[PDB]
Amino acid sequence: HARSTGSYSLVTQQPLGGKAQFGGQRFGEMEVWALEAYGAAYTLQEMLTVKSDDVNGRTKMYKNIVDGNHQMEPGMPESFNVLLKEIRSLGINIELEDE
Amino acid sequence: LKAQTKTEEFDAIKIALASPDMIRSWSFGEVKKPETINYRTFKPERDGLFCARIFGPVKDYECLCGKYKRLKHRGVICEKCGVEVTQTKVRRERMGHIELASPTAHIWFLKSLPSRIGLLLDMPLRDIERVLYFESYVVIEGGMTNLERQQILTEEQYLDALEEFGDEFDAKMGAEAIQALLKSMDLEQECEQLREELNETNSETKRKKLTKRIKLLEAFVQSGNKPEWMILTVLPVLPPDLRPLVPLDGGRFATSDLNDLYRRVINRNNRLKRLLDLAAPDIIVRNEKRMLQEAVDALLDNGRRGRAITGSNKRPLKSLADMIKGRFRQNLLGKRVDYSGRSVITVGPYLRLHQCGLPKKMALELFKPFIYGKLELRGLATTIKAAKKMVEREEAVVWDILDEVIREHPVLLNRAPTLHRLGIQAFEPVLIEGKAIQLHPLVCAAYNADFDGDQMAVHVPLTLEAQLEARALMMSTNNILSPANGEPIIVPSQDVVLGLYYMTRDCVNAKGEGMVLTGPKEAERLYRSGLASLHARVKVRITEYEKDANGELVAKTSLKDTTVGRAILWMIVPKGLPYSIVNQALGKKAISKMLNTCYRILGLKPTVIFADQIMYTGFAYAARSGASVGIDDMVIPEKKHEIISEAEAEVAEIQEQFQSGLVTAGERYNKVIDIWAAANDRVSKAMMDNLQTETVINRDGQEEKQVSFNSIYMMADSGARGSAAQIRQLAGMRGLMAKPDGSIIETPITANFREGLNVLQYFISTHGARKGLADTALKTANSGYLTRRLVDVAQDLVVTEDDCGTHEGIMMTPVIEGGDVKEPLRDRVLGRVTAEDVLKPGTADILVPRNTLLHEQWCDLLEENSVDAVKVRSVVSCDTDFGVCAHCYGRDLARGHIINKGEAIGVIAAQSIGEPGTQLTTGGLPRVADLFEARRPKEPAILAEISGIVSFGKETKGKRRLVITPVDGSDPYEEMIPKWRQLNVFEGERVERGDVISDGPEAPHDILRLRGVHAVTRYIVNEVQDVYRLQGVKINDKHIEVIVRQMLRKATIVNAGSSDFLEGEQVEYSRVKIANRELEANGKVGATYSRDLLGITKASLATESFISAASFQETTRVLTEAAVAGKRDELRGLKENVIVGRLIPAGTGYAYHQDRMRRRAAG
Amino acid sequence: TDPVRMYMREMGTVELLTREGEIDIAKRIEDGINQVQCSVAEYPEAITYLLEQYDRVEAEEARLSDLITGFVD
Amino acid sequence: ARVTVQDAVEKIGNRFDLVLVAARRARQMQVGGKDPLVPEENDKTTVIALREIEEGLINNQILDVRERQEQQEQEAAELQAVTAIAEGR
Amino acid sequence: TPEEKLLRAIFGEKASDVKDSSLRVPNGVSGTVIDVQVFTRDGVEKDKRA
Amino acid sequence: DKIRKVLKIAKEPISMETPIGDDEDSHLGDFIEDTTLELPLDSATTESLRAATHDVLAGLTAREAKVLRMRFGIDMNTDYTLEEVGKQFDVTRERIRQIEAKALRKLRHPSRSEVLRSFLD
Ligand SMILES: Nc1ncnc2c1ncn2[C@@H]1OC(COP(=O)(O)OP(=O)(O)O)=C(OP(=O)(O)OP(=O)(O)O)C1=O
Ligand SMILES: [Mg+2]
Ligand SMILES: [Zn+2]
Ligand SMILES: [Zn+2]
């Protein structure tokens, strides 16, 4: 199996795999430690931002790849952005501070 | 400078209570109807749980009514339906709210184990609930009458107490009461009460609970939160697309369970709002209020009441709280990733070390966006739309383009259980035909990859950084040493070490015996021409090099006494190595130390290109060898049946003694097992005597015997495959088996695999096999749960400071276990940096001066002299607050130099410990957990508490007291000792504090307390290492020592003058503040403390960042207990920075956080 | 706890009505509503406004359904 | 230089700051800012930046010196234009 | 979009009300067709090949 | 025939948190893909069809752009009825219809079309 860019799930903007290019590889907690044990800070960020949950960066990436600029403009994963609204839709006020 | 308003780069995250005013800021309308969609048109009913007025348009830039469909109209609200025309995405962002009729208690603050609403009031839960369901009144600011504030009344009592005091006395019931209680409550005033009460009454039962409550209370005032806010007046609703109502095929619908939960709250709230305008009897509205309370509770956290079930379906409904979990460690289970793939992996021995075979097809799909760009960048495609149609057509030219994008572009490879950092390594891709992934055979050892069906996954480093990160950090050839023990993880495995062992071998009389050859080149010429045999004693002129000069290769040429094979192998050995390194027999043992020395002498590159040539030549000559395995290769000794009958005789006599009552049944079973155990040892080293040497050959004369050249012997002697324990099961008899309950069966398996086993033997062989598969299956689980507990206590630990600057360090010796040296000194001390100058057997003479990194030269300069002990700086002593100085840590890495700033030694320590965890066996892997968890043993020994002469006091009262009496100081120490446990202290001897008063195991908690931090850290490492060193597992003490640093992360204060008296806290925070007190502030009001040993999971429980804690701990309690404190998470750490999707505060990201933490708290 | 119990328990204290007590309450209900009706009838603005609203019914500014539903007989 | 990075880490001691400096240089070439400082054996901008470290002619200090130089070259071109923003007076 | 409509007026293609949803052979696999079955809901007229 | 339409909506919607029965305890909702989304392999070409038509429109006479970008929605709010474009340009109506036709005509010859045509498939 392989997959560059494919389909994505509605609730969690994460790679789901139906028709055409299949589902992506799961990159679990233990694989994350590997990158942490290396210095792979960027390899990790792009692995859990632009390459998966970042609904905006993922296409700012695909456009930048074909443009010939190997940059990522990150942004925030949807998993955490949903957790804002999930915590916030309990009685809990959770904010992002400073500047 | 201007402040700011909008959106820049956020740092930190604050959590708090939400005022009802706060909750309405998020809402863009009140949901008023339980309606969802319309039912014929699947449009959203306005003022419903799904709505376009409140949340957003259904499709992009289209008003709901339709009068404003054009993308021109944007910030416009249609005059009919209160809908602005933006993206459908805002149905994923915009929240709503509901105005509650009656106040409603927040289940989390009412019911999370320590009731916040409870102890904020100092009110019990069975009382608050009794007030909440309208069963009994509670007083509120009862004033100067007959009743206290928190007093609780019944119906009749409230009536009797009302007739006496009409006003000037207030009592309510229901949520309005508890809301008033928290509202009227004054925190600062109650603070002044708890402070005077602490000082007036001296009692350990009084001021032990007193201090425990007040720390939350004044944390609550300082929090900014308001106590009224735990009673909900407004309930915010989650955006709809996060609980959507999408259609499926066949026209059937699916929706999140919240909609059943949200619908019910609305219905009961609306019904209650009706029951008030109908002015219903209180009996009804009370029941309605109770249901609204129940409905909200099942929405926020279903499960803490009677657990409502979903519509028509038996399963319960997944509440908001369960949206967050979904039990433990539920936000960090993993995320699927773009630009990835997997397939079955196969060999490919032709590969250089830094590359891997990638299928033509996988590499096509994986780099698709690179190909699309590189295609029209050169102009082979007009535009991207045709570029797709090209690589869809697989035109011949896209293949030649794919090589262009592929060249300097590494890929990542990952195998299933990712144990240590080597489980993901970056290789340079080689375009290969077929659907298999080709894996370099030397990197197999790191991955634990067989080729029996195992698969690996691939990942594309997209950004420029990740490509350089993959190239400089994760590359195959940049990690050739294990980070668990500075030895090479890229050892020749099996097929290859058989080859070299076959080369570097010699037989007594072979073709070429005795000729003299000008150089190694003519030695290969002699073999490939069929003139000289690969193994024949032969003198050859060789030149070797040695860099004994100041960095320069001195050459030396001689006629060395070797063989033809070892001559040809010398053509591979690079430059400054001695010819002695190949002059021997070269088994897997000697073949890896050959590789190690090349790295420590010549450096990285010449080692990488070496390992390749060792594999190429190893494979080739192993294939030339024709080594096989036939049935006649497993030689059974001729004396086997003899040994069996002899032990078969002894047992018949031990039985003879048992019949006559000479020996016991327990002795018989024990004595019979011993003669069978001996017989197996006898057959064993009988077949190995025959097998190993019986090759009797002849050179010019009569006879002469040597190590055998039989196939299966060479496999073991070399170390390629096979082990003497396993071989013994083929020729000799195979052991005694264990019957299920744990006994070992008194008649062993006399037969072996070269013969047959019979029904009975095989049937008994079964239990060992099945419990083998189960034990090895379970101990693969226990390990994985260990490395979790281990990274959870570490993770955030990073080499931060350069040199903390200390002379503190642990005294390093060889372990010398009873008999002789179970571990040399040179191993324990290599790669560490010395605490102070080490001296010769005589002094005035520094041999290594102060903090120098003891490497191989220094270790020999140590091993030349008779130095038997070296004080070494250790992580447990590194005085860096928040992290570890590079010096005190050591050097180890997959690279050979001292640790670099920013590496996340916390993880790579934990990994190195739990990776070999599969291979262990009180003792075994739980014995490791017992130590790291600091678990006290069942029946401990007690240690001498204080120095002085000891004596016994009182008599037997269940406890026999012991009174120690120091020479100078106070003597009031008396310890209650159960005197039915045999003691060891001499009853008239002066005892030194920390000595054996009884015997048996000891608690680490004592060791730290009595003998000190340096003794407990020694006790752990030597005791866990005994588990690993028993199983033949090399783990440097370094890694165990960083875990220990986390175990004693905390301390308890003894004296005061600044903060509390007994609190437990980090030495990092404490030491940072009593160092702040030796100058500045007070002259020295500083406090003394006492280091506290925590088990890893207890030590991991204490994390500042609540986002980290909400990962693995119980997410409800962390979120509640943090939201009441108004706690700020500053990020800073590892776990949370992953959760929020930004650069790790380590590695390449360490430079980023260091540039960020400094701009913060500055201008 | 669980509201079913405490509702069941709360109303179980209420005693069933005798077949005569049903009339006692319906009589007290009669008095109260009739009492306010006698008080509504004493208010001049209540007379003028009912006349204000009927001068709205005869000018086709409403319907007879919007003001009354019937008289006695 | 493509087989291992050890020769480069010698010139900048961190192994981590090497990935950050060599990446910062790789952008200067890929996003067509600059031309190489060493002959390119087809090597991508990933490696060419790494060759420039082993050759010793590029590091974070040398880059910042050249950049702070370019701040003043483009400032002297825009010079006679931005002083014409004496309309704020 | 604007630009796509300009593309519709230049090369004059009657923009379809219909989307391509054909069953197509999965990528990579290849073989021979050896059977076709058609099950038509009762009431729909059995098509030609059916 | 309404029975079918009736029978469709009579089924209550399905718990999206239904366990689907895998070994990962996958829930139903984890499998419903986002069909409202534009795939990056498409949005990439949208950013390319942009630069395509912009280059092809600078190959026209200057007032052919302002008359074409006005007839379609390109780089302006809304599209303009060709009469509305006529009021902007003094000489009105039929005059504009030929400016419209001739601009598509200069772009239809295989020299300016070679780039644009490959957006049709
Ligand atoms: N990171 C990985 N490294 C090596 N092997 C992997 C990896 N991931 C999956 N596999 C193999 O792929 C399937 C399971 O995949 P998944 O767990 O269901 O997840 P996803 O559906 O998203 O692919 C198994 O292989 P097999 O089915 O052949 O059977 P096996 O487990 O006994 O080897 C796995 O070994
Ligand atoms: Mg295998
Ligand atoms: Zn509208
Ligand atoms: Zn230190």
# chains A, B, ... in the order shown; residues from 1 in each chain; ligands from 1

call {"tool": "interface_residues", "arguments": {"of": "chain F", "to": "chain B", "cutoff": "9 Å", "atoms": "only C-alpha atoms", "output": "JSON, numbers by chain"}}
result
{"F": [8, 9, 11, 12, 13, 14, 15, 16, 17, 18, 28, 29, 32, 36, 41, 42, 44, 45, 48, 49, 52, 76, 77, 78, 114, 115, 116, 118, 119, 120, 121]}

call {"tool": "residues_near_ligand", "arguments": {"ligand": "ligand 2", "cutoff": "6 Å", "atoms": "only C-alpha atoms and all ligand atoms", "output": "MDAnalysis selection string"}}
result
chainID B and resid 449:454

call {"tool": "residues_near_ligand", "arguments": {"ligand": "ligand 4", "cutoff": "9 Å", "atoms": "only C-alpha atoms and all ligand atoms", "output": "ChimeraX atom specification"}}
result
/B:801-809,873-880,883-889

call {"tool": "write_last_selection", "arguments": {"atoms": "C-alpha atoms", "output": "short mmCIF file (atom, residue, chain, number, x, y, z; two decimals), in the first residue's frame"}}
result
data_model
loop_
_atom_site.label_atom_id
_atom_site.label_comp_id
_atom_site.auth_asym_id
_atom_site.auth_seq_id
_atom_site.Cartn_x
_atom_site.Cartn_y
_atom_site.Cartn_z
CA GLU B 801 22.85 23.16 30.51
CA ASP B 802 26.43 22.75 29.31
CA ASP B 803 28.20 21.98 32.59
CA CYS B 804 26.26 22.31 35.83
CA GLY B 805 29.59 22.55 37.64
CA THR B 806 29.83 20.01 40.45
CA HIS B 807 32.36 17.74 42.09
CA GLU B 808 29.55 15.46 43.28
CA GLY B 809 29.63 11.99 41.78
CA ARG B 873 29.83 12.41 37.67
CA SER B 874 26.32 10.97 37.33
CA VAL B 875 22.93 12.26 36.19
CA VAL B 876 21.45 11.72 39.67
CA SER B 877 23.91 14.35 40.98
CA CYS B 878 23.85 16.86 38.11
CA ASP B 879 23.09 20.19 39.78
CA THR B 880 21.24 21.57 36.75
CA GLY B 883 17.44 19.04 33.07
CA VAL B 884 20.89 17.51 32.94
CA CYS B 885 24.29 19.04 32.25
CA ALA B 886 26.07 17.53 29.25
CA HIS B 887 29.16 16.73 31.34
CA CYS B 888 27.47 14.85 34.19
CA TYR B 889 25.50 12.69 31.73
#

call {"tool": "residues_near_ligand", "arguments": {"ligand": "ligand 1", "cutoff": "6 Å", "atoms": "only C-alpha atoms and all ligand atoms", "output": "ChimeraX atom specification"}}
result
/A:25-26 /B:414-416,454-457

call {"tool": "write_last_selection", "arguments": {"atoms": "C-alpha atoms", "output": "PDB file, in the first residue's frame"}}
result
ATOM      1  CA  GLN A  25      -0.020   4.731   7.844  1.00  0.00           C
ATOM      2  CA  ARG A  26      -0.772   5.122  11.550  1.00  0.00           C
TER       3      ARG A  26
ATOM      4  CA  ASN B 414       9.553   1.686  10.523  1.00  0.00           C
ATOM      5  CA  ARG B 415       8.969  -1.866  11.778  1.00  0.00           C
ATOM      6  CA  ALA B 416       6.083  -2.986  13.980  1.00  0.00           C
ATOM      7  CA  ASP B 454       7.327  -9.188   8.483  1.00  0.00           C
ATOM      8  CA  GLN B 455       6.358  -5.831   6.956  1.00  0.00           C
ATOM      9  CA  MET B 456       7.744  -2.320   7.325  1.00  0.00           C
ATOM     10  CA  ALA B 457       6.194   1.090   6.726  1.00  0.00           C
TER      11      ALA B 457
END

call {"tool": "interface_residues", "arguments": {"of": "chain E", "to": "chain F", "cutoff": "8 Å", "atoms": "only C-alpha atoms", "output": "list in words"}}
result
residues 1, 2, 3, 4, 5, 6, 7, 9, 10 and 11 of chain E

call {"tool": "residues_near_ligand", "arguments": {"ligand": "ligand 3", "cutoff": "8 Å", "atoms": "only C-alpha atoms and all ligand atoms", "output": "PyMOL selection string"}}
result
chain B and resi 63-68+77-83

call {"tool": "select_by_dssp", "arguments": {"residues": "chain A", "states": "strand (DSSP E)", "output": "number ranges by chain"}}
result
A: 2-3, 7-8, 15-16, 25-27, 92-96

call {"tool": "write_last_selection", "arguments": {"atoms": "C-alpha atoms", "output": "mmCIF file, in the first residue's frame"}}
result
data_model
loop_
_atom_site.group_PDB
_atom_site.id
_atom_site.type_symbol
_atom_site.label_atom_id
_atom_site.label_comp_id
_atom_site.auth_asym_id
_atom_site.auth_seq_id
_atom_site.Cartn_x
_atom_site.Cartn_y
_atom_site.Cartn_z
ATOM 1 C CA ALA A 2 0.987 3.606 -0.628
ATOM 2 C CA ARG A 3 -0.680 6.999 -0.314
ATOM 3 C CA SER A 7 -9.542 11.094 1.457
ATOM 4 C CA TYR A 8 -10.129 12.401 4.973
ATOM 5 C CA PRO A 15 -6.720 10.306 6.500
ATOM 6 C CA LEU A 16 -9.550 7.861 5.851
ATOM 7 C CA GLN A 25 -0.020 4.731 7.844
ATOM 8 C CA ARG A 26 -0.772 5.122 11.550
ATOM 9 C CA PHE A 27 1.997 6.947 13.446
ATOM 10 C CA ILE A 92 -14.788 24.634 31.322
ATOM 11 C CA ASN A 93 -13.350 27.837 29.889
ATOM 12 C CA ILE A 94 -10.065 27.002 28.152
ATOM 13 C CA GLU A 95 -8.180 29.795 26.395
ATOM 14 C CA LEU A 96 -4.877 30.516 24.681
#

call {"tool": "interface_residues", "arguments": {"of": "chain A", "to": "chain D", "cutoff": "12 Å", "atoms": "only C-alpha atoms", "output": "VMD selection string"}}
result
chain A and resid 38 to 43 64 to 65 67 to 71

call {"tool": "write_last_selection", "arguments": {"atoms": "N, CA, C and O atoms", "output": "short mmCIF file (atom, residue, chain, number, x, y, z; two decimals), in the first residue's frame"}}
result
data_model
loop_
_atom_site.label_atom_id
_atom_site.label_comp_id
_atom_site.auth_asym_id
_atom_site.auth_seq_id
_atom_site.Cartn_x
_atom_site.Cartn_y
_atom_site.Cartn_z
N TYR A 38 15.59 10.68 18.68
CA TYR A 38 16.34 11.49 17.73
C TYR A 38 16.07 12.96 18.01
O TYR A 38 15.28 13.33 18.88
N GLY A 39 16.71 13.83 17.25
CA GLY A 39 16.29 15.20 17.35
C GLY A 39 15.10 15.57 16.50
O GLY A 39 14.70 16.73 16.49
N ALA A 40 14.52 14.59 15.80
CA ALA A 40 13.60 14.82 14.69
C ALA A 40 12.42 15.71 15.07
O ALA A 40 11.26 15.28 14.98
N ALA A 41 12.69 16.95 15.50
CA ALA A 41 11.62 17.86 15.90
C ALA A 41 10.72 18.20 14.73
O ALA A 41 9.49 18.13 14.83
N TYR A 42 11.32 18.57 13.59
CA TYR A 42 10.54 18.95 12.42
C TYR A 42 9.87 17.73 11.80
O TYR A 42 8.68 17.77 11.46
N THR A 43 10.63 16.65 11.61
CA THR A 43 10.06 15.40 11.12
C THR A 43 8.84 15.01 11.93
O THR A 43 7.86 14.48 11.38
N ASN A 64 2.81 23.83 -1.95
CA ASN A 64 4.21 24.24 -1.86
C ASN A 64 5.14 23.17 -2.43
O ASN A 64 6.18 23.51 -3.01
N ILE A 65 4.79 21.90 -2.26
CA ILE A 65 5.59 20.82 -2.84
C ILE A 65 5.67 20.97 -4.36
O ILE A 65 6.76 20.99 -4.94
N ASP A 67 5.01 23.56 -6.08
CA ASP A 67 5.66 24.82 -6.38
C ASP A 67 7.18 24.72 -6.35
O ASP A 67 7.86 25.55 -6.96
N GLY A 68 7.72 23.72 -5.66
CA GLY A 68 9.16 23.60 -5.52
C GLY A 68 9.73 24.24 -4.28
O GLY A 68 10.92 24.59 -4.27
N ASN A 69 8.93 24.41 -3.23
CA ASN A 69 9.38 24.98 -1.96
C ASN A 69 9.07 23.98 -0.85
O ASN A 69 7.91 23.80 -0.47
N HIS A 70 10.12 23.33 -0.33
CA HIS A 70 9.94 22.32 0.72
C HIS A 70 9.84 23.02 2.08
O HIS A 70 10.72 22.93 2.94
N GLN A 71 8.72 23.71 2.26
CA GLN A 71 8.39 24.36 3.52
C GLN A 71 7.04 23.87 4.01
O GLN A 71 6.16 23.50 3.22
#

call {"tool": "residues_around", "arguments": {"residues": "stretch 7-12 of chain C", "least_positions_apart": "3", "cutoff": "8 Å", "atoms": "only C-alpha atoms", "output": "MDAnalysis selection string"}}
result
(chainID B and resid 283 287) or (chainID C and resid 3:4 15)

call {"tool": "interface_residues", "arguments": {"of": "chain B", "to": "chain D", "cutoff": "7 Å", "atoms": "only C-alpha atoms", "output": "JSON, numbers by chain"}}
result
{"B": [354, 408, 464, 465, 468, 469, 472, 477, 478, 604, 605, 900, 1147, 1148]}

call {"tool": "write_last_selection", "arguments": {"atoms": "N, CA, C and O atoms", "output": "PDB file, in the first residue's frame"}}
result
ATOM      1  N   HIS B 354      23.562   2.664   3.573  1.00  0.00           N
ATOM      2  CA  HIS B 354      22.693   3.831   3.654  1.00  0.00           C
ATOM      3  C   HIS B 354      21.562   3.819   2.630  1.00  0.00           C
ATOM      4  O   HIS B 354      21.146   4.888   2.174  1.00  0.00           O
ATOM      5  N   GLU B 408      18.722  12.650  -3.558  1.00  0.00           N
ATOM      6  CA  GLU B 408      19.189  13.069  -2.242  1.00  0.00           C
ATOM      7  C   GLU B 408      18.037  13.180  -1.252  1.00  0.00           C
ATOM      8  O   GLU B 408      18.106  13.955  -0.291  1.00  0.00           O
ATOM      9  N   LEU B 464      12.154  20.626   4.029  1.00  0.00           N
ATOM     10  CA  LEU B 464      13.610  20.605   3.918  1.00  0.00           C
ATOM     11  C   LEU B 464      14.268  20.171   5.225  1.00  0.00           C
ATOM     12  O   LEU B 464      15.238  19.405   5.214  1.00  0.00           O
ATOM     13  N   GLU B 465      13.778  20.683   6.358  1.00  0.00           N
ATOM     14  CA  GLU B 465      14.271  20.261   7.667  1.00  0.00           C
ATOM     15  C   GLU B 465      14.201  18.746   7.840  1.00  0.00           C
ATOM     16  O   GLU B 465      15.205  18.096   8.155  1.00  0.00           O
ATOM     17  N   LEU B 468      16.751  16.955   6.112  1.00  0.00           N
ATOM     18  CA  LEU B 468      18.044  17.078   6.777  1.00  0.00           C
ATOM     19  C   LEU B 468      18.032  16.411   8.143  1.00  0.00           C
ATOM     20  O   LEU B 468      19.051  15.862   8.574  1.00  0.00           O
ATOM     21  N   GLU B 469      16.898  16.461   8.843  1.00  0.00           N
ATOM     22  CA  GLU B 469      16.763  15.688  10.072  1.00  0.00           C
ATOM     23  C   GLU B 469      16.927  14.202   9.792  1.00  0.00           C
ATOM     24  O   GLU B 469      17.661  13.500  10.497  1.00  0.00           O
ATOM     25  N   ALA B 472      20.753  13.658   8.897  1.00  0.00           N
ATOM     26  CA  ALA B 472      21.788  13.887   9.892  1.00  0.00           C
ATOM     27  C   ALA B 472      21.506  13.221  11.228  1.00  0.00           C
ATOM     28  O   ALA B 472      22.430  13.068  12.034  1.00  0.00           O
ATOM     29  N   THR B 477      23.388   5.165   8.556  1.00  0.00           N
ATOM     30  CA  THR B 477      24.817   5.189   8.829  1.00  0.00           C
ATOM     31  C   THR B 477      25.210   6.166   9.928  1.00  0.00           C
ATOM     32  O   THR B 477      26.375   6.171  10.341  1.00  0.00           O
ATOM     33  N   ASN B 478      24.282   6.987  10.409  1.00  0.00           N
ATOM     34  CA  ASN B 478      24.562   7.851  11.544  1.00  0.00           C
ATOM     35  C   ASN B 478      24.249   7.184  12.873  1.00  0.00           C
ATOM     36  O   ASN B 478      24.669   7.684  13.923  1.00  0.00           O
ATOM     37  N   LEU B 604      33.989   7.403  11.968  1.00  0.00           N
ATOM     38  CA  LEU B 604      32.686   6.977  11.463  1.00  0.00           C
ATOM     39  C   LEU B 604      32.735   6.448  10.035  1.00  0.00           C
ATOM     40  O   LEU B 604      32.440   5.272   9.804  1.00  0.00           O
ATOM     41  N   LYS B 605      33.067   7.311   9.074  1.00  0.00           N
ATOM     42  CA  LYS B 605      33.083   6.910   7.667  1.00  0.00           C
ATOM     43  C   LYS B 605      33.864   5.624   7.421  1.00  0.00           C
ATOM     44  O   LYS B 605      33.296   4.698   6.820  1.00  0.00           O
ATOM     45  N   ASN B 900      25.275  16.022  23.090  1.00  0.00           N
ATOM     46  CA  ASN B 900      25.067  17.388  22.630  1.00  0.00           C
ATOM     47  C   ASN B 900      23.894  18.025  23.362  1.00  0.00           C
ATOM     48  O   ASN B 900      22.959  17.346  23.796  1.00  0.00           O
ATOM     49  N   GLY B1147      16.038  18.578  20.529  1.00  0.00           N
ATOM     50  CA  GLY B1147      16.591  18.360  19.199  1.00  0.00           C
ATOM     51  C   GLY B1147      16.674  19.630  18.381  1.00  0.00           C
ATOM     52  O   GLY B1147      17.153  20.669  18.853  1.00  0.00           O
ATOM     53  N   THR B1148      16.193  19.555  17.137  1.00  0.00           N
ATOM     54  CA  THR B1148      16.171  20.737  16.283  1.00  0.00           C
ATOM     55  C   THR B1148      15.255  21.810  16.850  1.00  0.00           C
ATOM     56  O   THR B1148      15.507  23.007  16.668  1.00  0.00           O
TER      57      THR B1148
END

call {"tool": "interface_residues", "arguments": {"of": "chain E", "to": "chain A", "cutoff": "12 Å", "atoms": "only C-alpha atoms", "output": "compact mmCIF listing (two decimals) with C-alpha atoms, in the first residue's frame"}}
result
# COMPACT_ATOMS: atom_id res chain seq x y z
CA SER E 21 -19.13 7.19 -10.87
CA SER E 22 -18.37 4.15 -13.04
CA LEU E 23 -17.09 0.95 -11.48
CA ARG E 24 -13.46 0.85 -12.60
CA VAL E 25 -10.86 -1.87 -12.18
CA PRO E 26 -8.75 -1.34 -9.02
CA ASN E 27 -5.29 -0.01 -9.78
CA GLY E 28 -2.63 -2.71 -10.02

call {"tool": "closest_residue", "arguments": {"among": "A:55, A:66, A:87, A:82", "to": "chain B", "atoms": "only C-alpha atoms"}}
result
A:66

call {"tool": "residues_around", "arguments": {"residues": "residue A:28", "least_positions_apart": "4", "cutoff": "7 Å", "atoms": "only C-alpha atoms", "output": "VMD selection string"}}
result
(chain A and resid 32) or (chain B and resid 333 to 335)

call {"tool": "interface_residues", "arguments": {"of": "chain B", "to": "chain E", "cutoff": "12 Å", "atoms": "only C-alpha atoms", "output": "NGL selection string"}}
result
:B and (70-72 or 361-362 or 365 or 392-393 or 434-435)

call {"tool": "atom_distance", "arguments": {"atom1": "atom CA of residue B:1093", "atom2": "atom CA of residue B:1017"}}
result
10.1 Å
